[PDB]
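Included below are structure tokens for two forms of one protein chain, each presented in isolation as structure 1 and structure 2.
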Structure 1
């Protein structure tokens, strides 16, 4: 109804998006790999450029990529947290972050289309 979980796994590790709808607004928690955390927070609306806070620890490539993918479908505000970490991550797994972020975005968008906010 107002909450949903999306997963994807490529190159041998999983990333996950937990979506929460509050009124007309979105909260999306993106984690993955061995040690999930909150490394970056991206805020936006459909009309505004996304801003990112980076906490002390490039997780924002994920939170901002997702934001750009879904910006056109936002009925209100959107907050996206990202914290993916893979131990001894490989170049392949690093390359898989963008396709995986796109995959979660497409599930999210398709969810929003089935569940108009």
Structure 2
């Protein structure tokens, strides 16, 4: 249904939003290698819950800070269920990139909130 991008100092993240009835599905990725490392689910009135996927070396992917952050930002605007995937390869990128991805996620979230307000 809709694609958004955000950029901070050369690093780019993207969010693809799909409206499935009253329910939402959002894929958040970054850099040049799309991936799903974590999934966070929520409704307007329940606390978001995360499932982590295993990485190749056995560690769980820690990209859930992205999906949980977006979940917290958009929660009050949800008409139904919401499923958010995240994957920016936090196990491979620099600490500065990981830190920058938090305000970048806030920017994608506001872009999404605006789009939802314009397409209720």
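Numbering follows the first chain given and starts at 1. Take the two forms, superpose them, and find the largest set of C-alpha atoms that agree within 1.5 Å; that set is the rigid core.
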Completion exercise
Candidates 29, 89, 41, 74; compared between structure 1 and structure 2 on the rigid core, the one with a C-alpha shift of 2 angstroms or more is 89
Exercise for the section: Once both forms sit on the same core, give the Cα displacement of residue 11 between structure 1 and structure 2 in angstrom. Expected result: 2.3
Handout entry: Backbone CA shift between structure 1 and structure 2, residue 103, after core fitting (angstrom)
Key = 0.4
